[PDB]
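So this one's two forms of a single chain, laid out as structure tokens and tagged structure 1 and structure 2.
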Structure 1
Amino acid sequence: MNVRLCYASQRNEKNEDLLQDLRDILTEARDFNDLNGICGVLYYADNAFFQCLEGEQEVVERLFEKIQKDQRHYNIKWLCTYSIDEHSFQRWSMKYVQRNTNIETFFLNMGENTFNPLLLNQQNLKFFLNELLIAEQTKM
């Protein structure tokens, strides 16, 4: 089974150098994901991560277990795991997306002015993933 797994987490602010942490996370993620048949997107804004992992169920669940142990975030909240009929994020071992006015417009239009993916219902999380898919990747 191929699956998409999504979660949200909090930036651990004990870590002072966020810019280097994001570089390190994306370096590690792109290396491992490429070697293990995983793709997806990492969204970062307002001290919170949202990630979607796509790939074979066992490798994706194993990677999510490893990510839970990572001291660069805390308060990991699993949002969904479902089987997928297409790999939407196959262009990227790990796409990087930051907040932009289109994503802010998306949240405002559906009434969620916190811009917090953790608050989205199943349908709105699918729409949020669409925004992350069409967003121009942020070059790190």
Structure 2
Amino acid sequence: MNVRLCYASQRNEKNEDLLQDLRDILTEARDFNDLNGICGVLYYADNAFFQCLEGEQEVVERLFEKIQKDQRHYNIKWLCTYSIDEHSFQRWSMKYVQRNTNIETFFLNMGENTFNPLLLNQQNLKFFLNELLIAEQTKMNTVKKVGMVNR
């Protein structure tokens, strides 16, 4: 049973070094996800995250349980889990997308004046996931593998 799981979270503003945290998150995500057959997308803007995970239900659920404990974010808002009809984010172990004009236009047109994904509801994910799929990935210059960031 392949599923898609989506959540939004607040970035832990206590962590001053955002750039190192984002590079560390993507290094860890891409290595673990590639090994465990998970793909998806991570959006960051306005001190908040949106993530979608795709893959085998048990692995996705165990990964989400781990992410919920991560020091780097808090106030996790679980949006949905559902059986996948197509593997939309197959191309990325973990795609990274930041604020772009299409996403800013989406938020403003529905009456939000911030781009914080905690403001999204499940119906918005129709348009928002499509925007994350078509967005140019944001390049972040991450070390080649997770072993390089520890010991």
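The term rigid core refers to the maximal set of C-alpha atoms that superpose within 1.5 Å between the two forms. For numbering, take structure 1's sequence and count from 1.
Undergrad: Superposing the core, which one of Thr114, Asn47, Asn102, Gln71 shows a C-alpha shift reaching 2 Å or more between structure 1 and structure 2?
TA: One residue passes the 2 Å cut-off, namely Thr114.
Undergrad: Align both forms on the core first, then report whether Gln123 has a C-alpha shift of 2 Å or more between structure 1 and structure 2.
TA: Result for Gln123: yes, a 2 Å-plus shift.
Undergrad: State the core-superposed CA shift for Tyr7 between structure 1 and structure 2, in Å to one decimal.
TA: Spelling it out: core superposed, C-alpha of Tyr7 shifted, distance 0.2 Å.
Undergrad: Enter the rigid core superposed C-alpha shift of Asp85 between structure 1 and structure 2, rounded to one decimal in Å.
TA: A shift of 1.3 Å at the C-alpha.
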